[PDB]
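Scroll down for the structure; my scribbles are underneath it.
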Amino acid sequence: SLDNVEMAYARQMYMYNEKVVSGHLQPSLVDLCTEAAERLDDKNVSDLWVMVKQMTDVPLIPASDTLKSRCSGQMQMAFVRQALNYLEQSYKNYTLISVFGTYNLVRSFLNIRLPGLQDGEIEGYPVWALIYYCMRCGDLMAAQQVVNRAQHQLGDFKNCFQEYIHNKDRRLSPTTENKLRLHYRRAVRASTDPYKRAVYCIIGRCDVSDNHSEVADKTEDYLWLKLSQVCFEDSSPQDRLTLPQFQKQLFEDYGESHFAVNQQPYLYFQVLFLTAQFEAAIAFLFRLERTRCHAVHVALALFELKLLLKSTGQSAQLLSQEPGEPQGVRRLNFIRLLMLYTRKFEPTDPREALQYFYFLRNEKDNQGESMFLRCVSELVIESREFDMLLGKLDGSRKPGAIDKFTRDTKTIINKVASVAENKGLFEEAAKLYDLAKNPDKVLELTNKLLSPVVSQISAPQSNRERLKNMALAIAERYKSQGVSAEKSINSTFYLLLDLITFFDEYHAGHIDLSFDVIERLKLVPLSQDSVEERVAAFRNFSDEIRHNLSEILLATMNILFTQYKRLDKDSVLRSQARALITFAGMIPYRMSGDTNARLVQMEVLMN
Amino acid sequence: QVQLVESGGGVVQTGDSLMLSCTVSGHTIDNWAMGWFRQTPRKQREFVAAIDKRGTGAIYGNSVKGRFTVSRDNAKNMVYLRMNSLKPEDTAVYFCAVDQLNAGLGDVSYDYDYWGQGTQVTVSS
Amino acid sequence: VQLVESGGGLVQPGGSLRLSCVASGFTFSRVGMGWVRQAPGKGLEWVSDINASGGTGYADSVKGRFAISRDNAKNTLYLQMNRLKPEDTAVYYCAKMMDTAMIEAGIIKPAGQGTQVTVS
């Protein structure tokens, strides 16, 4: 069933739906989920959601199409900016706490880290390490303080870092970056002070093959390095590190088989997510048993902010790639995702399952219908529809789950009833149609399943009692509430019920009772000058009347013959009999050979 | 329909080593991943092992870490689970299912679509 | 279905018995049944009828010598034969009152296994 975390997320989904269906302007998913890390005690989920929130606060699609946005350059600039800022504030908190101001914070961390070195020290601390680590926190004004103090062994770095903090894309003049590269490989690369090389690297986008394992030991640090290093400008084509190349690099090294095997999923996920690719992150994180719900709800959050490149066609993969994108990212088969998440607790606690189901509403299907409907129509039938799912009629509809977030339920009811109808679960669909206030459909459906049993004898362990009570309750509700159905179907229904009672009395053994019943039906000959109209009466009789006329006529003939043998009146009786013969003598409708055989046999025998 | 045969079970004794096999019936397993689960009366289903589509690396369950081995032979279209140092609880029917989702190495039952029928095993201590 | 009738045998002039029949295969609470007989030397002749809840019916020669009894609680029917006459000598049938017609005039044959009802 559910876990406390699962039911917690669930309740929150309830709340978001009660928001969107009420017409309130509310905080979107990401906000609720963010706060839903301190309602229950945790440590990591909080961090994941922090990352998600910070990474989704972007200018949302400065275009008209999601693909355009998620492949435009400026969009990726926004992504990398948000990402960098998150990493940097993260590391800032990490040090600021683990050390137990900023300018001396980094200083103390250096002192509690490490006690050839280029360009000496200031205040007794090596300048290059100071510069690097104080940039690492995303604070340049401290680096500005340093380069104001430390200014006597540089002066190219001075204006370098100046025009670094002058363009908001952190890009220098082209020739500036080029002379930085030229000085780097010519006097800087071959040095024994790595830190200086790392600083010149990030500040000048140099040597995109270096990883600096010594100073950026941590995977998070590695992300910092490469993202601080990536470039969208085209300066040389040999140190141009393209963000798509980095996404491919990470997808290579991290994930696609390495995710589940390394038993540190949260961190891997933050990696795969900070790199401007959401789909392939959730798709992995969704697989591990520990972090199913967190992945699924990150996906829902993303979808609600319309930040998702979902699968347009229908396939059998969760994460898919359609060989048309420039690079894009693997598309996420959103529908299959919701399905393969709900199916765990769908057939046990469907109340909450229906809640997730709602989100697929505007996502069409193969047939041309909302997938949401073709989803409910399975849950509600294979989990034995209750009133809590739809409701119970009397003359008044009981509110159900589907009511609480959708108006005009009659739509959903008609749909699911038709679906269960095609499925061959007919009786249940009759009940549903009745819960929908649609008389013609209820009655036409009951017609079929009523037709064949109307002459089957009492037969203990049958359906007759059940369907009889069903149709009787139908009659009560409809004739009492003044509900009237289509004439040619209402008529056939009431004829079928009167015939039910007639045959009950017949089987029971009341001759004259059933006889006046069959008289007052005008289905069979009563006078030799009316049989010509009897022949005209049908050609409007549906298959129902056909599928029993045989036994109707047979039973009637039985009544007549019993009266005759048990009996002047026999003239009238046998005249009615030969009229019946003439009737059967010209029926195009259903019969059997033995039907007319017994008919004419009893006829000539009573003669 | 692409069915499966999940065979190699039987009754064995404690501390022995059992080789459970599975053979695909009607497809080429080079895109899919493979998974060996077990059905006990303890639960309805649990996880044992799952191997990716490259035949290189696999995830082992919550308790069985460091006692089993799994492999897939694309050239033989077979799935192999060889065990060591069994436990009384392992009297169970082991299933071998297929992963198409084309991502990761799932460890939850529902993620897989097709199945064989199972191979029953019974350890007698 | 099945209609077994028993409780017969040669009985003395003016004897008495209670013919039993077991109703199984149809709800014997909403089906009217009946008793017929065919003799070794004579044809089929209706003797008894009764509805689910309605009244009864008997031939002119069998009134006061037989008696209906539909033990519906047990889905069993009986016919209490008394002070008999040497013309009921026949095999009996606990049949359905509504099929009595098709059986009576040699049209169709009974579905009951019968019982030996012979009187001196």
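Residue numbers start at 1 in each chain; chains themselves are named A, B, ... in the order of the structure tokens; ligands are numbered from 1 in the order shown.
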Who sits within 12 Å of residue C:15, only C-alpha atoms, same chain under 4 positions skipped, as an mmCIF file with N, CA, C and O atoms, in the first residue's frame:
```
data_model
loop_
_atom_site.group_PDB
_atom_site.id
_atom_site.type_symbol
_atom_site.label_atom_id
_atom_site.label_comp_id
_atom_site.auth_asym_id
_atom_site.auth_seq_id
_atom_site.Cartn_x
_atom_site.Cartn_y
_atom_site.Cartn_z
ATOM 1 N N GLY C 8 -44.688 -47.254 -3.835
ATOM 2 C CA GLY C 8 -45.691 -48.053 -4.505
ATOM 3 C C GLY C 8 -45.633 -49.516 -4.123
ATOM 4 O O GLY C 8 -45.150 -49.886 -3.046
ATOM 5 N N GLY C 9 -46.133 -50.364 -5.019
ATOM 6 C CA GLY C 9 -46.204 -51.788 -4.766
ATOM 7 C C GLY C 9 -47.630 -52.298 -4.757
ATOM 8 O O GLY C 9 -48.574 -51.505 -4.672
ATOM 9 N N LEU C 10 -47.805 -53.614 -4.859
ATOM 10 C CA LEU C 10 -49.142 -54.190 -4.812
ATOM 11 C C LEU C 10 -49.769 -53.920 -3.451
ATOM 12 O O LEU C 10 -49.172 -54.198 -2.407
ATOM 13 N N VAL C 11 -50.975 -53.365 -3.470
ATOM 14 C CA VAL C 11 -51.696 -53.018 -2.254
ATOM 15 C C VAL C 11 -53.080 -53.649 -2.328
ATOM 16 O O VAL C 11 -53.668 -53.782 -3.405
ATOM 17 N N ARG C 65 -60.416 -40.168 -3.145
ATOM 18 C CA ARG C 65 -59.540 -41.329 -3.043
ATOM 19 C C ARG C 65 -58.073 -40.938 -3.021
ATOM 20 O O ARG C 65 -57.235 -41.734 -2.591
ATOM 21 N N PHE C 66 -57.746 -39.735 -3.473
ATOM 22 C CA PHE C 66 -56.404 -39.187 -3.406
ATOM 23 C C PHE C 66 -56.442 -37.841 -2.695
ATOM 24 O O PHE C 66 -57.507 -37.330 -2.338
ATOM 25 N N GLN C 80 -51.707 -38.725 -1.481
ATOM 26 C CA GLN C 80 -52.166 -39.678 -0.479
ATOM 27 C C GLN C 80 -53.263 -40.558 -1.064
ATOM 28 O O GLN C 80 -54.417 -40.130 -1.167
ATOM 29 N N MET C 81 -52.915 -41.786 -1.437
ATOM 30 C CA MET C 81 -53.870 -42.723 -2.008
ATOM 31 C C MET C 81 -54.561 -43.485 -0.884
ATOM 32 O O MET C 81 -53.905 -43.937 0.060
ATOM 33 N N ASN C 82 -55.882 -43.616 -0.982
ATOM 34 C CA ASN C 82 -56.666 -44.272 0.055
ATOM 35 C C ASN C 82 -57.770 -45.101 -0.585
ATOM 36 O O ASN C 82 -58.220 -44.810 -1.696
ATOM 37 N N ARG C 83 -58.200 -46.135 0.148
ATOM 38 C CA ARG C 83 -59.339 -46.989 -0.192
ATOM 39 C C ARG C 83 -59.446 -47.243 -1.691
ATOM 40 O O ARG C 83 -60.497 -47.016 -2.300
ATOM 41 N N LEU C 84 -58.364 -47.731 -2.287
ATOM 42 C CA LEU C 84 -58.180 -47.730 -3.730
ATOM 43 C C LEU C 84 -59.193 -48.637 -4.425
ATOM 44 O O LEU C 84 -59.954 -49.374 -3.795
ATOM 45 N N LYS C 85 -59.186 -48.568 -5.748
ATOM 46 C CA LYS C 85 -60.037 -49.361 -6.618
ATOM 47 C C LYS C 85 -59.170 -50.055 -7.658
ATOM 48 O O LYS C 85 -58.146 -49.514 -8.081
ATOM 49 N N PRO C 86 -59.572 -51.253 -8.111
ATOM 50 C CA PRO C 86 -58.734 -52.041 -9.027
ATOM 51 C C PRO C 86 -58.752 -51.515 -10.460
ATOM 52 O O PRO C 86 -58.918 -52.273 -11.422
ATOM 53 N N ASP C 88 -56.748 -48.171 -10.792
ATOM 54 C CA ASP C 88 -55.569 -47.323 -10.732
ATOM 55 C C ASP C 88 -54.290 -48.101 -10.988
ATOM 56 O O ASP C 88 -53.200 -47.536 -10.861
ATOM 57 N N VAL C 117 -47.461 -49.065 -9.074
ATOM 58 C CA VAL C 117 -48.733 -48.898 -8.384
ATOM 59 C C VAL C 117 -49.705 -49.940 -8.917
ATOM 60 O O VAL C 117 -50.279 -49.776 -10.001
ATOM 61 N N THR C 118 -49.869 -51.025 -8.167
ATOM 62 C CA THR C 118 -50.783 -52.091 -8.537
ATOM 63 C C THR C 118 -51.671 -52.406 -7.345
ATOM 64 O O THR C 118 -51.201 -52.461 -6.206
ATOM 65 N N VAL C 119 -52.958 -52.586 -7.613
ATOM 66 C CA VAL C 119 -53.940 -52.906 -6.589
ATOM 67 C C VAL C 119 -54.718 -54.134 -7.042
ATOM 68 O O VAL C 119 -54.988 -54.305 -8.236
ATOM 69 N N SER C 120 -55.055 -54.999 -6.091
ATOM 70 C CA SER C 120 -55.808 -56.204 -6.395
ATOM 71 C C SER C 120 -57.189 -55.839 -6.924
ATOM 72 O O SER C 120 -57.704 -56.469 -7.846
#
```
Give me the chain C side of the contact with chain A, cut-off 8 Å, one line per residue showing its nearest atom pair and distance in Å at one decimal, counting only C-alpha atoms, sorted by chain and residue number, as JSON lines.
```
{"residue": "C:25", "atom": "CA", "partner": "A:459", "partner_atom": "CA", "distance": 6.8}
{"residue": "C:26", "atom": "CA", "partner": "A:459", "partner_atom": "CA", "distance": 4.7}
{"residue": "C:27", "atom": "CA", "partner": "A:460", "partner_atom": "CA", "distance": 5.3}
{"residue": "C:30", "atom": "CA", "partner": "A:508", "partner_atom": "CA", "distance": 5.2}
{"residue": "C:31", "atom": "CA", "partner": "A:508", "partner_atom": "CA", "distance": 4.2}
{"residue": "C:32", "atom": "CA", "partner": "A:508", "partner_atom": "CA", "distance": 4.8}
{"residue": "C:33", "atom": "CA", "partner": "A:509", "partner_atom": "CA", "distance": 7.7}
{"residue": "C:50", "atom": "CA", "partner": "A:509", "partner_atom": "CA", "distance": 7.5}
{"residue": "C:51", "atom": "CA", "partner": "A:509", "partner_atom": "CA", "distance": 5.0}
{"residue": "C:52", "atom": "CA", "partner": "A:508", "partner_atom": "CA", "distance": 5.5}
{"residue": "C:54", "atom": "CA", "partner": "A:510", "partner_atom": "CA", "distance": 7.5}
{"residue": "C:97", "atom": "CA", "partner": "A:509", "partner_atom": "CA", "distance": 6.5}
{"residue": "C:98", "atom": "CA", "partner": "A:509", "partner_atom": "CA", "distance": 6.3}
{"residue": "C:99", "atom": "CA", "partner": "A:558", "partner_atom": "CA", "distance": 7.8}
{"residue": "C:100", "atom": "CA", "partner": "A:562", "partner_atom": "CA", "distance": 8.0}
{"residue": "C:101", "atom": "CA", "partner": "A:562", "partner_atom": "CA", "distance": 5.7}
{"residue": "C:102", "atom": "CA", "partner": "A:558", "partner_atom": "CA", "distance": 7.8}
```
Considering only C-alpha atoms, extract the chain A residues located within 6 Å of chain B and return them as a ChimeraX atom specification. /A:256-257,261,284,287,317-318
Tell me, as a PyMOL selection string, which residues lie within 10 Å of residue C:77, counting only C-alpha atoms; anything in the same chain fewer than 2 positions away does not count. chain C and resi 5+19-23+28+33-35+68-72+74-75+79+94
Residue B:114 environment, 8 Å, only C-alpha atoms, sequence neighbours closer than 6 positions dropped, as a ChimeraX atom specification: /B:2-3,97-98
Since we have the selection now, will you write its residues out, keeping N, CA and C atoms, as a compact mmCIF listing (two decimals), in the first residue's frame?
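Resulting contents of part_26.txt:
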```txt
# COMPACT_ATOMS: atom_id res chain seq x y z
N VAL B 2 6.01 -13.09 -26.85
CA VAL B 2 7.37 -13.56 -26.67
C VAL B 2 7.49 -14.12 -25.26
N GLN B 3 7.26 -15.42 -25.12
CA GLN B 3 7.19 -16.01 -23.79
C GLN B 3 8.60 -16.33 -23.29
N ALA B 97 12.30 -11.95 -15.62
CA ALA B 97 11.50 -11.04 -16.42
C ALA B 97 12.40 -10.10 -17.21
N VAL B 98 11.77 -9.31 -18.07
CA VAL B 98 12.45 -8.49 -19.06
C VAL B 98 12.15 -7.02 -18.79
```
Determine, counting only C-alpha atoms, which protein, DNA and RNA residues have an atom within 10 Å of an atom of residue B:16; residues of the same chain fewer than 3 positions away are not included. Present the result as JSON, numbers by chain. {"B": [12, 13, 83, 84, 85, 86, 87, 123]}
Quick check for you: according to DSSP on this backbone, which residues of stretch 301-507 of chain A are classed as strand (DSSP E)? Reply as a PDB file with C-alpha atoms, in the first residue's frame.
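The new file result_35.pdb reads:
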```
ATOM      1  CA  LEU A 319      13.039   7.171 -21.443  1.00  0.00           C
ATOM      2  CA  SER A 320      13.059   7.445 -25.225  1.00  0.00           C
ATOM      3  CA  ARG A 331      12.126  12.303 -24.040  1.00  0.00           C
ATOM      4  CA  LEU A 332      10.166  11.104 -21.021  1.00  0.00           C
TER       5      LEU A 332
END
```
Excluding residue B:1 and its own-chain neighbours fewer than 4 positions away, which residues fall within 10 Å of it when counting only C-alpha atoms? Please give them as a PyMOL selection string. chain B and resi 25-27+114
Against stretch 45-68 of chain A, which residues of stretch 84-159 of chain A fall within 10 Å? For each one I want the closest pair of atoms and the distance in Å (one decimal), counting only C-alpha atoms, rows by chain and increasing residue number, as JSON lines.
```
{"residue": "A:84", "atom": "CA", "partner": "A:55", "partner_atom": "CA", "distance": 9.8}
{"residue": "A:85", "atom": "CA", "partner": "A:54", "partner_atom": "CA", "distance": 8.7}
{"residue": "A:86", "atom": "CA", "partner": "A:51", "partner_atom": "CA", "distance": 6.8}
{"residue": "A:87", "atom": "CA", "partner": "A:51", "partner_atom": "CA", "distance": 8.8}
{"residue": "A:90", "atom": "CA", "partner": "A:47", "partner_atom": "CA", "distance": 9.2}
```
Would you put the residues from that selection into a file with N, CA and C atoms, as a short mmCIF file (atom, residue, chain, number, x, y, z; two decimals), in the first residue's frame?
```cif
data_model
loop_
_atom_site.label_atom_id
_atom_site.label_comp_id
_atom_site.auth_asym_id
_atom_site.auth_seq_id
_atom_site.Cartn_x
_atom_site.Cartn_y
_atom_site.Cartn_z
N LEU A 84 25.24 27.17 -11.32
CA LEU A 84 26.42 27.70 -10.65
C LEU A 84 26.05 28.31 -9.31
N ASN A 85 25.06 29.20 -9.30
CA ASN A 85 24.72 29.87 -8.05
C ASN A 85 24.31 28.86 -6.99
N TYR A 86 23.60 27.80 -7.39
CA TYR A 86 23.22 26.80 -6.40
C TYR A 86 24.44 26.10 -5.84
N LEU A 87 25.30 25.58 -6.72
CA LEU A 87 26.51 24.91 -6.26
C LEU A 87 27.30 25.80 -5.31
N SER A 90 25.60 26.30 -1.96
CA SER A 90 25.72 25.02 -1.27
C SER A 90 27.08 24.91 -0.59
#
```
